[PDB]
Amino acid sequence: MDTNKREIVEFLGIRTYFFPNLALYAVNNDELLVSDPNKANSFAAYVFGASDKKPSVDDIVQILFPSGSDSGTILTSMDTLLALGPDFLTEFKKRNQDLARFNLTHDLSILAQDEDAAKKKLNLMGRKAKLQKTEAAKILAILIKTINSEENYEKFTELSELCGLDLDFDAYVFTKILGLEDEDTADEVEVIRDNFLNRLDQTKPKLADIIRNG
């Protein structure tokens, strides 16, 4: 969107900040994901349980940055790249370089530009952001806490805060793509999954059925 603001969007029961084009894809293509998942998008097929083939980095980047993406789409998807960790940081820097010609930049560019000191400054920034009363500030706080997490369990704990903004879909997608479900987190992942399924059961039962079954 032609805005710099972090905004939650929704598509037919799927509320999302980090993955709007994935949500839209799934809403449009649910019958294809049921009936011929190998011809469907591999990121969507994996997330929704239609395929056990993990998407590539390229598959993910393509969904995050479709052709004709505007500045708000790019900046939002750059947040997603940061949350996705080191395999996506070179892509983040590329997208940030592209924006500079337009006098645009990612607001957390201090990371990519003494990372320890940036992360401590960001830690304080995120703690104050969370105390603000807006969704945009709370998303920023969760992003910072996720970036500053060192191990998977901490990262899962901080991403789980997305469920407090009814962003269970995003927490679920990150859990799937980053491999955060293990013996310690499994019961909590099940609650997150069930929160998302509770919304899906009302709008896209086919998608719910794939996630539950196959």
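Start at 1 and count along the sequence shown; that's the residue number.
- The deposited sequence places 1 to 3 unmodelled residues between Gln113 and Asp114.
- Stretches 114-122 and 79-87 differ in mean C-alpha B factor, with the higher average recorded for 114-122.
- The question of which stretch, 52-60 or 155-163, has the higher mean Cα B factor is settled in favour of 52-60.
- Which of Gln97, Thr73, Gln132, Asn103 has the largest Cα B-factor in the deposited entry comes down to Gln97.
- The top Cα temperature factor in the record, among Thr175, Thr185, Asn148, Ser67, falls on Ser67.
- Among the modelled residues of its chain, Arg212 has a C-alpha B-factor that falls in the highest third according to the deposited record.
- The deposited CA B-factor of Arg15 belongs to the lowest third of values across its chain.
- For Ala171, the recorded CA temperature factor ranks within the lowest third of the chain's modelled residues.
- When the CA B factors of the chain's modelled residues are split into thirds, the value for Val189 lands in the lowest one.
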